[PDB]
Every structure is written in structure tokens, then in C-alpha cells.
Amino acid sequence: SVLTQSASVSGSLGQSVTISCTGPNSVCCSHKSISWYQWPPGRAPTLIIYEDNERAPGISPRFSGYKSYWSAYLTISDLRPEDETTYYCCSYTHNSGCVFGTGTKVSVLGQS
Amino acid sequence: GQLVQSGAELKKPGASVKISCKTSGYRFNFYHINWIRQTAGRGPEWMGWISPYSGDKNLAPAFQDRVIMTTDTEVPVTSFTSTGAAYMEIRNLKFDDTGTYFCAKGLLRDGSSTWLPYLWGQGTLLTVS
Ligand SMILES: *[C@@H]1O[C@H](CO)[C@@H](O[C@@H]2O[C@H](CO)[C@@H](O[C@@H]3O[C@H](CO[C@H]4O[C@H](CO)[C@@H](O)[C@H](O)[C@@H]4O)[C@@H](O)[C@H](O[C@H]4O[C@H](CO)[C@@H](O)[C@H](O)[C@@H]4O)[C@@H]3O)[C@H](O)[C@H]2NC(C)=O)[C@H](O)[C@H]1NC(C)=O
Ligand SMILES: *[C@@H]1O[C@H](CO[C@@H]2O[C@@H](C)[C@@H](O)[C@@H](O)[C@@H]2O)[C@@H](O[C@@H]2O[C@H](CO)[C@@H](O)[C@H](O)[C@H]2NC(C)=O)[C@H](O)[C@H]1NC(C)=O
């Protein structure tokens, strides 16, 4: 698609992991807001961060994020088994629809 | 908000299908109805951001003219917690227009993040076959 990710990231239980989103100038981080969504396969999405760093209601403080001129980042502290699901980031403006990128899977290491 | 999808359809190429979701427990006219699909061979594609209060619609260039979006008048069951429904018709379905379709309630009424999907329904299956 237009908005792309690394496709696969990983990290150990209890540690931090970073997921990044990049793309062409038409999806440049300097003009459009980046949202993040948990999207397990076969189940409804859950909103995580509506705007680069604004945490959605009910989301534990271990989820946070930041943005750079050329990229957007979601930081997940203290990975848990339920965090294995694929996460997606879609960019948007107040007067245009959110455009969805590719997903990133998370491998949570050290499980029984 | 208990956004509930009416159900799945199993259509043939060239048919028209109306996909609908119902609400219960929030003010229908306060938030947008977001139509989004997840396709097995592509993943989430998005479809459109339709307002139930006004006639304003924001439709992806990919789907202009193909799909007609509309909402129903809300039913005031109780103040601040109304019911209602919205639906869209997708014309001239292709083999690519398969997979799982979702309805979603908008996050906020104002601010830079308004119209953004927040509360997602259960979803329905479309086989186009
Ligand atoms: C009764 O309640 C209804 C429903 O809640 C209110 O309608 C909402 O009102 C808010 C505030 O006005 C709306 O938010 C605004 O959305 C605009 C998008 O609409 C324009 O652009 C799209 C293009 O995608 C067109 O389709 C559409 O026709 C419009 O032309 C934003 O552009 C607005 O942005 C404002 O704020 C940002 C910062 O946050 C600034 O950058 C902008 O310059 C601008 O000032 C704004 O976000 C919301 O969309 C409406 N929701 C619905 C469901 O309709 C009514 O306003 C309210 N009635 C009264 C009298 O208060
Ligand atoms: C935006 O508001 C709606 C509507 O609830 C409003 O806020 C509540 C805290 C309360 O003051 C209500 O009277 C207001 O109308 C939120 O939707 C749900 O509201 C109910 C109210 O009983 C609440 O218990 C639920 O947890 C709310 N959430 C869901 C998912 O149903 C909505 O969550 C608010 N959005 C944000 C981003 O905060």
C-alpha cells in the first residue's frame, strides 16, 4: 500500500518494543495525524492512540507513542501474551479519511 | 454503544447488497458511521466516513460512484441514549469485494480526531460467490 511498516517486529516479555510507520510525502507525518489500532485477526479492532500520542480510554499507560518528521512510532512497554496480535496505524486529517497501512505482527518471547 | 451488524450476505457477481448496522445506547446523530472492510488478500481498505446528522459524506476515491451510503432518522428511546440504523449499498461487486465488513462509531464530536473509528461492530462475512 502507501503507508508501510516493517511487517514483523518482536521482543521479550517484560521489555519494551517499538513499531514504526513510514511512507511517501502524501502521508507525510509533518501534516497528517497518525492513529494506532489493535487488530486481532477475525475480531473487532480496538483503538489505542487516536493522535500520535493521545491514549484511548481504558488503555494501560504502558502504551505510548511519538512522531518524527519522517516516521511515526508506537512504543509498547511490558509486552504481554495478548500483545501478540497484529497492530495497524492509519493516517488522517480532520477533513479526510484515515488511510490504513500494512500491519506488524509482534512475537512475544519466553512463553511456556 | 452496542453497535450491532444485521448479518452476512452470500451474493453473486453483479448483484447489489445492502449491509446494515443498528445501534443501542448512544446518541446516533452525535457520531459518524464509519464503513470499513478487511479483505483476505489486502487487509483493511477503509470505505467511507458518513455523518448521520448532516448529508456530508467522505468517500474514498477508490469507491466513488460504486457505493451509495445513507442513514436513517434516529429513534429517541431516551434522552442521551437513542437508537437508529445506517446502511450502504455496494454496486457491481467484484471478486475482490469479499471478506469481512465492519461498522464503527466515531470517537469524538469535535477536535482534530473527529470522524475516526472508535467503537466497532461484530462484523459480517461477504463471499461474493
Ligand atoms: C450538533 O451536533 C452535530 C453532531 O455532533 C454537530 O456536528 C459536528 O460538528 C463538529 C464541529 O463543527 C464537526 O467537526 C468538524 O468537522 C469538519 C469536517 O467537515 C468539513 O469537511 C469535510 C471534509 O471531509 C466535509 O465533508 C464537510 O462537509 C465539512 O466541510 C472539520 O473540518 C472541522 O474542523 C474544525 O476544527 C479543526 C480543529 O479541530 C480546524 O483545523 C478546522 O479549521 C475547523 O475549525 C470540525 O472538526 C463534526 O464533524 C460534526 N459531526 C457530525 C456527525 O455532523 C453540530 O455542529 C452540532 N450543532 C451545533 C449548532 O452546535
Ligand atoms: C464520549 O462520550 C460517550 C457518551 O458518554 C458520555 O460520557 C460519559 C462519561 C457520560 O458522562 C455520559 O453521560 C456522556 O454521554 C462515551 O460513550 C459511553 O458512555 C457511557 C455512559 O454511560 C460510558 O459508561 C461508556 O464507558 C462510554 N464508552 C463506551 C465505549 O460506550 C464515549 O466513551 C466517550 N468517548 C471518549 C473518547 O471518551
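Residues numbered from 1 in each chain as written, not as in the entry; some residues may be left out. Chains lettered and ligands numbered in written order. Part of a larger assembly, values for the part shown. Heavy atoms only, no water.

In terms of determination method and resolution, the entry is listed under cryo-EM at 3.3 Å.

Chemist: Talk me through the environment of B:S51; I want residue IDs and the actual numbers.
Modeler: Residue and element names in this part refer to chain B. Mapped onto the fold, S51 is located in the loop between β5 (48-50) and β6 (57-59). The buried category is assigned to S51, whose relative accessible area is 10%. Sequence-wise, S51 and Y31 are 20 residues apart; in three dimensions their C-alpha atoms are separated by 7.1 Å. A polar contact is formed between the side chain of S51 and the backbone nitrogen of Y53, at a distance of 3.3 Å. There is a polar contact of 3.4 Å between the side chain of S51 and the backbone nitrogen of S54. (Helix = DSSP H or I, 4+ residues; strand = E, 2+ residues; numbered from the N terminus. Buried < 20%, exposed > 50% of the residue type's maximum accessible area, 1.4 Å probe, protein only. Polar contact = N/O pair within 3.5 Å; in protein donor to acceptor, adjacent residues only side chain to side chain.)

Chemist: Go over the interface of chain B and chain A, please, and point to the residues and values.
Modeler: By a widely used convention, the size of an interface equals the accessible area lost when the partners come together. Facing 16 residues of chain B, the contacting portion of chain A comprises 20 residues. Together, B:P44, B:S112 and B:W120 form the three largest contributors to the area buried by chain B at its contact with chain A, with a combined 29%. For the pair chain B and chain A, the interface holds zero salt bridges. Counting the contacts that link chain B with chain A gives four residue pairs in polar contact. Contributions of two or more residues to the side of chain B that touches chain A are made by β3 (33-39) and β11 (117-120) of chain B. If one sorts the elements of the side of chain B that touches chain A by residue count, β11(B) sits on top with three residues. (Contact = heavy atoms within 4.5 Å. Buried area = accessible area lost by both parts, 1.4 Å probe. Salt bridge = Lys/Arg side-chain N within 4 Å of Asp/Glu carboxyl O.)

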